[PDB]
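Quick notes on the structure that follows.
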Amino acid sequence: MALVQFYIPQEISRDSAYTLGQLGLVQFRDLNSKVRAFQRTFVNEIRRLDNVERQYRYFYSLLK
Amino acid sequence: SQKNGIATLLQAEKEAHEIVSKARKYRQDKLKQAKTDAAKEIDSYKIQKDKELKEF
Amino acid sequence: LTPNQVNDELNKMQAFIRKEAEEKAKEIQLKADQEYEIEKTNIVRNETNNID
Amino acid sequence: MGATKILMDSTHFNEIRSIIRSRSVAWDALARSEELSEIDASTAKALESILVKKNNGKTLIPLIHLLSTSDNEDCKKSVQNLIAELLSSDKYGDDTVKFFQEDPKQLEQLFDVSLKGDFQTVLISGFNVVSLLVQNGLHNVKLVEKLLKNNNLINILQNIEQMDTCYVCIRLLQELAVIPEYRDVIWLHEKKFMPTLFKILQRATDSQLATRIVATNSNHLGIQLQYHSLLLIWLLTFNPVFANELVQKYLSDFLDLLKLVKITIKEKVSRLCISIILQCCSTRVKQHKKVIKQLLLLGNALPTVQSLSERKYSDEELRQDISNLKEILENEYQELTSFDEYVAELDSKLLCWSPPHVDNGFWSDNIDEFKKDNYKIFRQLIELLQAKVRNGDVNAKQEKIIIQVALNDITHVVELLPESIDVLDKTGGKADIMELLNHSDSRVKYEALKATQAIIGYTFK
Amino acid sequence: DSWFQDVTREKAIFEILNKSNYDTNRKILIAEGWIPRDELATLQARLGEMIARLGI
Numbered sequence: 014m015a016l017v018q019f020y021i022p023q024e025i026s027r028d029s030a031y032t033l034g035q036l037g038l039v040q041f042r043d044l045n046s047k048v049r050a051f052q053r054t055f056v057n058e059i060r061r062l063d064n065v066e067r068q069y070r071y072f073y074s075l076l077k
Numbered sequence: 002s003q004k005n006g007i008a009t010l011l012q013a014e015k016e017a018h019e020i021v022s023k024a025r026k027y028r029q030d031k032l033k034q035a036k037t038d039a040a041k042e043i044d045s046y047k048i049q050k051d052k053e054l055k056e057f
Numbered sequence: 008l009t010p011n012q013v014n015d016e017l018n019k020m021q022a023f024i025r026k027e028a029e030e031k032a033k034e035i036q037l038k039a040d041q042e043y044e045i046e047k048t049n050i051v052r053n054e055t056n057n058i059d
Numbered sequence: 001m002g003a004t005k006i007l008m009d010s011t012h013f014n015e016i017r018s019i020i021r022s023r024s025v026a027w028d029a030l031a032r033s034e035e036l037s038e039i040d041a042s043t044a045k046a047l048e049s050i051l052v053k054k055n073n074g075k076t077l078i079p080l081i082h083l084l085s086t087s088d089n090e091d092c093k094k095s096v097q098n099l100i101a102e103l104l105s106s107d108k109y110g111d112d113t114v115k116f117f118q119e120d121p122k123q124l125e126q127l128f129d130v131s132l133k134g135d136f137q138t139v140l141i142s143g144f145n146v147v148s149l150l151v152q153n154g155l156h157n158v159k160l161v162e163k164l165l166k167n168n169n170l171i172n173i174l175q176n177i178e179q180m181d182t183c184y185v186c187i188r189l190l191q192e193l194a195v196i197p198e199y200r201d202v203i204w205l206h207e208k209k210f211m212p213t214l215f216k217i218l219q220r221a222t223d224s225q226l227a228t229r230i231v232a233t234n235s236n237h238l239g240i241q242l243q244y245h246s247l248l249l250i251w252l253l254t255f256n257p258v259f260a261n262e263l264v265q266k267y268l269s270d271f272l273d274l275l276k277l278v279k280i281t282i283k284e285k286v287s288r289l290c291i292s293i294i295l296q297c298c299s300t301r302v303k304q305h306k307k308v309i310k311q312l313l314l315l316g317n318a319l320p321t322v323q324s325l326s327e328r329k330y331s332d333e334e335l336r337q338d339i340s341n342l343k344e345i346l347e348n349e350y351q352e353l354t355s356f357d358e359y360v361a362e363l364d365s366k367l368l369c370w371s372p373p374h375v376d377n378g379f380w381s382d383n384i385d386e387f388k389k390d391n392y393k394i395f396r397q398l399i400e401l402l403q404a405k406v407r408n409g410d411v412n413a414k415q416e417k418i419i420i421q422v423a424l425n426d427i428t429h430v431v432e433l434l435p436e437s438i439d440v441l442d443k444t445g446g447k448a449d450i451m452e453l454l455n456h457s458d459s460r461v462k463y464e465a466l467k468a469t470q471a472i473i474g475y476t477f478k
Numbered sequence: 307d308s309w310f311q312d313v314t315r316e317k318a319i320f321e322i323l324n325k326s327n328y329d330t331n332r333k334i335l336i337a338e339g340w341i342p343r344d345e346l347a348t349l350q351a352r353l354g355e356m357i358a359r360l361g362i
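Residue numbers (full-length UniProt numbering), protein chains in the order written: chain A, 14 to 77; chain B, 2 to 57; chain C, 8 to 59; chain D, 1 to 55, 73 to 478; chain E, 307 to 362.
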């Protein structure tokens, strides 16, 4: 149903698959993420990161 | 088939890129085409104007 | 996880990739159409003013 | 040959194609009982075997004959599916496509059997007639234009409950629209289908994307329905006049495309939405000014684009469209003379917030323009505001839009100019501010409070 | 508080996914999978030993 996103290095790929497994994850496929061009290294996500830094600042200023 | 499947998925991505790239070459050409068939559209309209002129 | 679940995920995704591009290509060439007519209409209009 | 390759990539077409090819139909028995003559059943029997692998166009003739003559739903549907499958295939039913394409007669015949029998039977019939029309050797406006006016096919398309059927029909029309000539007949019938298409986009907006249930989400089925609807729009928008008209009638429905752009993360949906809005906002549409005005004032298109611009998605063309649209919207409204916009609004007594009325710079240049007998125009706005509260009452919706905007406008001039305080006193505006404070509506009270404070800062130093 | 939690969670997705080259030369596997939402609960219970199970 809902997309879940996991990262690790390839070394604990097996150790991960089993634990995920025991909790009820399904259709577990290891990827990279180049096969989903928007949700890969590009300018686009880096701009989103800036957008969150602005968010952080706005919350702090309002709480003050 | 996990370590057969990624390799297939990498190939699919490279393929998705080449089909979209053929269209973009096509588009440039489509623009060039518009100027050529409009070059032909003037000298066929020119002979049309000489038509109703010579008729006059 | 299981081989059947991974093969189900392989067909589905490389399909998603192939389909999205075919439509993607299709939008690019549809626009190629649009620019052909608009660009022709313009270019033609000027030269025909001179001709007239 | 192998025709066009349309309706062979879609799952929705494939699910309908399964229902027919699974159920079997023994033509020869039907013929013996008299519903067709024998030549036809044998011809359909043989044809089915050629589809799988075996040696024609000459099998075509009986199928044409059989269809028009027969009124038995089962045989024409099973046959139509087999003609349909053949046309697009390059494996089989290459020769099939030739006979149709050469001779205008088998197209016209093939049309007669459309709109008879079960809802499926007719869908296959429409596919096949459309299939040929979109190729370069048969073209007739008449079949499309009649089928559009005609009931049984158009009913299927209005139903949205059955995604698969609806999808196929919308695609049938949108493909004919890729060709220029069909656009003119299609635009006559726009009223009927076009509310159905906006509804599909609306449905799309209220449901979730965090599941992959049977309904529209961001699944395979969904990704095709959204794309086609939008695409259909986009096509007819290529003709500049249709696009001006389309925004002015359909305005309310139109504004919703901006929403779909946010909620979706899919460059197929997003791109198409951005392009259609772009094309109407283009210079080439006559009364391009008008459509920008409606969109900016009422619908608040401009702020929406500025957010959109930030979240770039990977697709070069998408980024290009978003940027072009940001420029056009923003530029067209602001570039009007400042005094002119203010007075035009003042005159109608139909003030609205706009990008330069919440901007300080606009007011600074305009202070001088008002002075004609101690800021006569400024006093005009003060009279106008006073009146609205007292006459036509306060706390009803119409009068409530004018007030909040007017109080915003006044505040800005007073902060900037210390000499306008006199004008408020003479007029009696000073009193009127105090009254808005008590009044219901949060937005009116905010603006009212800001007005009081602006006078106040200056009275005591 | 709710938007603050939401915004933290967006930063984390981008990072997981690789939004810069540095995340790449530090973890090279990013995997994909589908979790029913009625079960979303149990996956987050164990955050993952050196695995991030922060999801959507």
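Note that CB positions come from ideal geometry on N, CA and C, so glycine has one too.
task: Show which residues of chain B have a CB atom less than 8 Å away from the CB atom of C/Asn56.
output: Start at 1 with the first residue of the third sequence, and residue 56 of chain C comes out as number 49. Going along chain B, no residue has its Cβ under 8 Å from C/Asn56, so there is no contact; the nearest lies around 11 Å.
- prompt: If you drop the 5 nearest sequence neighbours on each side, which residues of the same chain put their C-beta closer than 7 Å to that of A/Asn64?
  reply: Reading the first sequence from its first residue, position 51 is the one you call residue 64 of chain A. Result list for A/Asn64: empty, nothing under 7 Å.
Local Cβ density within 10 Å of D/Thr281, reported as buried at 16 or more and exposed below that: Along the fourth sequence, read from residue 1 onward, the residue named residue 281 of chain D stands at position 264. Under a 10 Å Cβ-count criterion, D/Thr281 is classified as buried, with 16 or more other Cβ atoms of the shown protein chains found around its own Cβ.
- prompt: Between D/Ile293, D/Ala448, D/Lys266, D/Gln265, which lies nearest to D/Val278 when the distance is taken from Cα to Cα?
  reply: As a first step, residue 278 of chain D must be located in the fourth sequence, where it is residue number 261. Selected option, being the one with the closest Cα: D/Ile293.
task: Write down every uninterrupted run of the alpha helix (DSSP H) in the stretch 5-42 of chain D whose length is 4 residues or greater and which is fully enclosed by it, in chain order.
output: Along the length of the stretch 5-42 of chain D, whole alpha helix (DSSP H) runs at least 4 residues long occupy 11-22, 27-32, reported in chain order.
field: Touching by the beta-carbon criterion (3+ pairs, under 8 Å), the stretch 4-17 of chain D and the stretch 156-166 of chain D
entry: Between the stretch 4-17 of chain D and the stretch 156-166 of chain D there are fewer than three inter-stretch CB-CB distances shorter than 8 Å, so the stretches are not counted as touching.
C-beta neighbour in chain D for A/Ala15, strict 9 Å: Taking the first residue of the first sequence as position 1, residue 15 of chain A is located at position 2. It does; some Cβ of chain D falls within 9 Å.
task: Could you run through the stretch 218-234 of chain D and flag, in chain order, every residue whose CB is less than 7 Å away from some CB of chain A?
output: Cβ contacts with chain A come from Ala227, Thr228, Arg229.
task: Any chance you could list the alpha helix (DSSP H) runs of at least 4 consecutive residues sitting entirely within the stretch 248-295 of chain D, in chain order?
output: DSSP runs (the alpha helix (DSSP H)) wholly in the stretch 248-295 of chain D: 257-271, 274-280.
query: Roughly how many angstroms lie between the CA atoms of D/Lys166 and D/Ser459, to the nearest whole one?
result: Within the fourth sequence, the letter at position 149 stands for residue 166 of chain D. Within the fourth sequence, the letter at position 442 stands for residue 459 of chain D. Approximately 51 Å between the Cα atoms of the pair.
message: Taking its Cβ as the centre, do 16 or more other Cβ atoms sit within 10 Å of residue 69 of chain D, making it buried, or is it exposed?
response: Gap note for chain D: numbering proceeds from 55 to 73 with nothing in between, so residue 69 of chain D has no coordinates.
- request: Give the range of the beta strand (DSSP E) segment to which E/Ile336 is assigned.
  value: Sequence index remark: in the fifth sequence, residue 336 of chain E carries index 30 (1-based). Where E/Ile336 is concerned, the enclosing beta strand (DSSP E) stretches over 335-341.
message: Beta-carbon within less than 8 Å of D/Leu170's beta-carbon, same chain only, minus the 5 sequence neighbours each way: which residues are those?
response: Against the fourth sequence, residue 170 of chain D aligns to sequence position 153. Taken in chain order, the residues that qualify are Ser131, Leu132, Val139, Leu140, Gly143, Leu164, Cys186.
- prompt: Given that A/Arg27 touches chain B, what residues does it touch there, using C-beta distances under 8 Å?
  reply: For the purposes of this step, residue 27 of chain A is taken as the residue at position 14 of the first sequence. None at all; the shortest Cβ gap to chain B is about 11 Å.
For A/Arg42, the three-state DSSP class (helix, strand or coil): Numbered from 1 along the first sequence, position 29 holds the residue referred to as residue 42 of chain A. Strand, per DSSP.
- request: Quickly, what does DSSP pair A/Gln18 with across the bridge? List them, please.
  value: For this step, residue 18 of chain A is matched to residue 5 along the first sequence. DSSP output for A/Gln18 lists E/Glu338 as bridge partner(s).
field: Distance, C/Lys26 Cα to A/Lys77 Cα
entry: Against the first sequence, residue 77 of chain A aligns to sequence position 64. Against the third sequence, residue 26 of chain C aligns to sequence position 19. Looking at the two C-alpha atoms, the distance is approximately 51 Å.
- request: For the alpha helix (DSSP H) containing D/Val147, list its first residue and its last residue.
  value: Counted from its first residue, the fourth sequence places residue 147 of chain D at position 130. For D/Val147, the uninterrupted alpha helix (DSSP H) segment begins and ends at 136-150.
- prompt: Three or more C-beta pairs closer than 8 Å, one from the stretch 379-386 of chain D and one from the stretch 331-347 of chain D: is that the case here?
  reply: Using a C-beta cut-off of 8 Å, the stretch 379-386 of chain D makes no contact with the stretch 331-347 of chain D, since fewer than three inter-stretch Cβ pairs fall below that distance.
message: Please classify D/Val258 as buried or exposed, where buried requires at least 16 neighbouring CB atoms within 10 angstroms.
response: Indexing the fourth sequence from 1 puts residue 258 of chain D at position 241. Classified as exposed, D/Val258 has fewer than 16 neighbouring CB atoms from the shown chains inside 10 Å of its CB.
A/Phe55 (DSSP reduced to helix, strand or coil): The count along the first sequence starts at 1 and reaches residue 55 of chain A at position 42. Three-state result, A/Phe55: coil.
task: Put D/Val406 into one of helix, strand or coil per three-state DSSP.
output: Counted from its first residue, the fourth sequence places residue 406 of chain D at position 389. Here D/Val406 sits in helix by DSSP.
query: Are any of the Cβ atoms in chain C nearer than 9 Å to that of B/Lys52?
result: Walking along the second sequence from the start, residue 52 of chain B turns up at place 51. Contact of B/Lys52 with chain C is not assigned, every C-beta pair being separated by 9 Å or more.
task: Identify each residue in the UniProt region "Interaction with VMA10" (19-38) of chain C for which the Cβ-Cβ distance to at least one residue of chain A is less than 8 Å, and report them in chain order.
output: Taking 8 Å as the Cβ-Cβ cut-off against chain A, the residues of the UniProt region "Interaction with VMA10" (19-38) of chain C that qualify are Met20, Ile24.
query: In chain D, which residues lie less than 7 Å from A/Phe55 when you measure between Cβ atoms?
result: One-based indexing of the first sequence puts residue 55 of chain A at position 42. Under the 7 Å cutoff, chain D gives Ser331.
task: Kindly indicate which three-state DSSP category D/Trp380 falls into: helix, strand or coil?
output: Walking along the fourth sequence from the start, residue 380 of chain D turns up at place 363. In the structure shown, D/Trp380 sits in a helix (DSSP, three-state: H, G or I).
- request: Tell me, to the nearest whole angstrom, how far the beta carbon of D/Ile6 is from that of D/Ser148; I am working on the premise that it is less than 8 Å.
  value: Reading the fourth sequence from its first residue, position 6 is the one you call residue 6 of chain D. Reading the fourth sequence from its first residue, position 131 is the one you call residue 148 of chain D. The pair is a contact, with the Cβ atoms about 7 Å apart (cut-off 8 Å).
- prompt: Alpha carbon to alpha carbon, what distance is there between E/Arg352 and A/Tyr69?
  reply: By 1-based counting over the first sequence, the position of residue 69 of chain A is 56. By 1-based counting over the fifth sequence, the position of residue 352 of chain E is 46. The C-alpha of E/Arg352 is placed about 27 Å away from the C-alpha of A/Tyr69.
- prompt: Does E/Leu335 come within less than 9 Å of chain A when only Cβ atoms are used?
  reply: The residue you call residue 335 of chain E lines up with position 29 of the fifth sequence. Judged by the 9 Å Cβ criterion, E/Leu335 is in contact with chain A.
query: Of the residues that make up the stretch 282-298 of chain D, which ones have a beta carbon closer than 9 Å to any beta carbon in chain C?
result: Under the 9 Å Cβ criterion, the stretch 282-298 of chain D contributes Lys283, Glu284, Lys285, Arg288, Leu289, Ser292, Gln296.
- request: Say whether chain A places a C-beta atom closer than 9 Å to the C-beta of C/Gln41.
  value: Position 34 of the third sequence holds residue 41 of chain C. No - not a single Cβ of chain A is within 9 Å of the one on C/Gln41.
message: Give me the residue from D/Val96, D/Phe136, D/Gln152, D/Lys93 with the minimum Cα distance to D/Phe117.
response: As a position in the fourth sequence, residue 117 of chain D is number 100, starting the count at 1. For the residues D/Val96, D/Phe136, D/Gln152, D/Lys93, the minimum Cα distance to D/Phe117 belongs to D/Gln152.
- prompt: So which residues of chain A does C/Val13 contact, with C-beta pairs closer than 7 Å?
  reply: Start at 1 with the first residue of the third sequence, and residue 13 of chain C comes out as number 6. Per Cβ cutoff of 7 Å: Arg42.
task: Under 6 Å Cβ to Cβ from D/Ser18, same chain only, skipping five residues before and after it: list those, please.
output: The residue given as residue 18 of chain D occupies position 18 in the fourth sequence. No residues qualify anywhere along the chain.
Cβ-based neighbour list, D/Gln241, same chain, cut-off 8 Å, excluding 5 preceding and 5 following: The residue you call residue 241 of chain D lines up with position 224 of the fourth sequence. Closer than 8 Å at the Cβ level, and outside the excluded window around D/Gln241, lie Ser10, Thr11, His12, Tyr184.
task: Would you kindly check if the distance between the Cβ of D/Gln351 and the Cβ of D/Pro320 is under 9 Å?
output: Working through the fourth sequence from its first residue, we reach residue 320 of chain D at position 303. Working through the fourth sequence from its first residue, we reach residue 351 of chain D at position 334. D/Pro320 is not a Cβ neighbour of D/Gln351, given a cutoff of 9 Å.
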